[PDB]
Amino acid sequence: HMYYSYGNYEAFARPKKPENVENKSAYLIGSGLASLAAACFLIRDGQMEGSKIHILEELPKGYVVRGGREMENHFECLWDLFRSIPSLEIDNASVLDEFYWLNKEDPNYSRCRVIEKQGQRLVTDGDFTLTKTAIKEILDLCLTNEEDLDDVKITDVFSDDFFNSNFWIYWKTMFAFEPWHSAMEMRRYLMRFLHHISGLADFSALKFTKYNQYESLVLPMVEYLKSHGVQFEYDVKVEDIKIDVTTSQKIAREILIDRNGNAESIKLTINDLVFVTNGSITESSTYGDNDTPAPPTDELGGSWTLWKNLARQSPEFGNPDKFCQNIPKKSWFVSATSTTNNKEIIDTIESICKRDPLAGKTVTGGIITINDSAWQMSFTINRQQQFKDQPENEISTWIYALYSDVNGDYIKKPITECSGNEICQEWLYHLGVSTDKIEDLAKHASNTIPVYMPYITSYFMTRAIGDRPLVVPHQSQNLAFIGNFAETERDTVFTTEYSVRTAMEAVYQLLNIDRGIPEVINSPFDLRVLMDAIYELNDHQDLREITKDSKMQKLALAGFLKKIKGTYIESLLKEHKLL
């Protein structure tokens, strides 16, 4: 009911109005990115009436920032969407226009990626330091079929050399991978972003919106949806969806909801579509303050309860317990936003990242990782300020720790027992600030808000094929699953692109929209990209240097070079620095 494409013909073409869409409706369970994106596609490409689009939201109608909102040029579906969303900052421009010009005048890249020993730059910062053994494990994982990686951990496919490389430092912190996480997803990430392998260590491929995601992405979409008459319904808690799973069809029949404290039922026909964002990484989040830890919690909220209630109606609707249960207590739980106008802290950051944090341009250019921190802590300062109404002499630093059950190096407690100022203290210690100044700087010169998120690592938990429902399950007539717990080929979860892709594929499949959906970018199949990957993974070495200490490889290269000597193949390899 859909097909994949690439290139400008399908990118620029508009689909015909889908058949019978005038008699159809749509219900979106949640107000997250994927739901908003699906509503936008329903308006723009489905041409469905806005009065027939119902966004069900459970909520009624210091600074806290969120990390992991990096973008790249090849977010193919996301840019298809946001070229149609008007900017709220520039007249007669799209969100993509604003994003595109901004990252041209202020291109992102890091001048200091890893620090250690209380503020010193890692001496090999920039290099991957992968042994030939570690490189082979990388390629061996990529050559493994995804079907053979059910429930396989990252530690099952990599050994000591890899986990000691600089590559693993960059990789695990920029993507928030834990050693026990899905090797299947690790493999997807390896192939998905291969075209940016030369920009991995210095973050030169990253692109950021001007403000936080809510200001720069959500609010423009909401304004677009509101200007098209989309129904935003609040105080709606979806408890279950009655689905008929027969030998021939899957049909959602009823949405069982609590609407403002009253038990209600939404009757559905085959023409009423339901889009379920199954699972949530932010559900059950708790907050502390400068003097209070964010209270740890294991509670299952509405999103996880609903997926469980859908999963007991068919195994084709996924297995939520693989993602929300048995999360190791070492996993990342706590993040913190530290806000300050203190010049000593701001100057300390400038001395490390080499940029004025208050200038309004790129600062750290992405996370700085403290390699020898017991918490495995990283921090980033985006373009300041990240909030429109924040004072111009303030910065807000985002901090997160990959290990939650280890005592800190300065605050000798696990991060889950730490207040905002205590997290700030441990961070300032690793910045190199004097231990006689750190306590007062955190307590009285800064405000740090910690957040405890039980499911923040849930996207990456070890999974088997079938644990995630297909975007449109087999024989589903009016039910779709979207978001980063839905299943689609090749693309990587924990990205905003995945939310937009699944939203797009859901709308196109359910309405049978006659336009191609852009395939995940073809970089793993591009010889030019694979050539660059070989060059970068070996830390800028020729094919001669790569094979110099291997008999079988040096022999095979010799016969290869003799065949390609006069040819376009050699010119290509030379152009990509492999010869």
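When you see a residue number, it is the position in the sequence shown, counting from 1.
J.: Between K551 and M552, count the deposited residues left without coordinates and pick a bin: none, 1 to 3, 4 to 9, 10 or more.
T.: Gap size class: none, per the record.
J.: Please compare 35-43 with 62-70 and say which has the higher mean C-alpha temperature factor in the record.
T.: Of 62-70 and 35-43, the stretch with the higher C-alpha B-factor average is 62-70.
J.: Using the B-factors recorded in the PDB entry, average over the C-alpha atoms of 231-239 and of 313-321, then report which stretch comes out higher.
T.: Mean B over CA atoms: larger for 231-239.
J.: I'd like to know which of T133, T277, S182, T369 has the highest C-alpha temperature factor in the PDB entry.
T.: Across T133, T277, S182, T369, the entry lists the biggest C-alpha B-factor for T133.
J.: Given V500, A263, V334, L479, identify the residue with the highest C-alpha B factor in the PDB entry.
T.: Of the options given, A263 has the highest CA B-factor in the PDB entry.
J.: Using the B-factors in the PDB entry, rank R187's C-alpha atom against the chain and give the third, lowest, middle or highest.
T.: Bottom third by C-alpha B-factor.
J.: When the modelled residues of the chain are sorted by Cα temperature factor, does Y109 land in the lowest, middle or highest third?
T.: Middle third - that is where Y109 ends up once the chain's C-alpha B-factors are sorted.
J.: Lowest, middle or highest third: where is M453 by Cα B-factor in its chain?
T.: CA B-factor rank for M453: lowest third.
J.: Split into thirds by Cα B-factor across the chain's modelled residues, where does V493 land: lowest, middle or highest?
T.: Lowest third.
J.: Rank-wise, by C-alpha B-factor, drop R544 into the lowest, middle or highest third of its chain.
T.: Answer is highest: the recorded C-alpha B-factor places it there.
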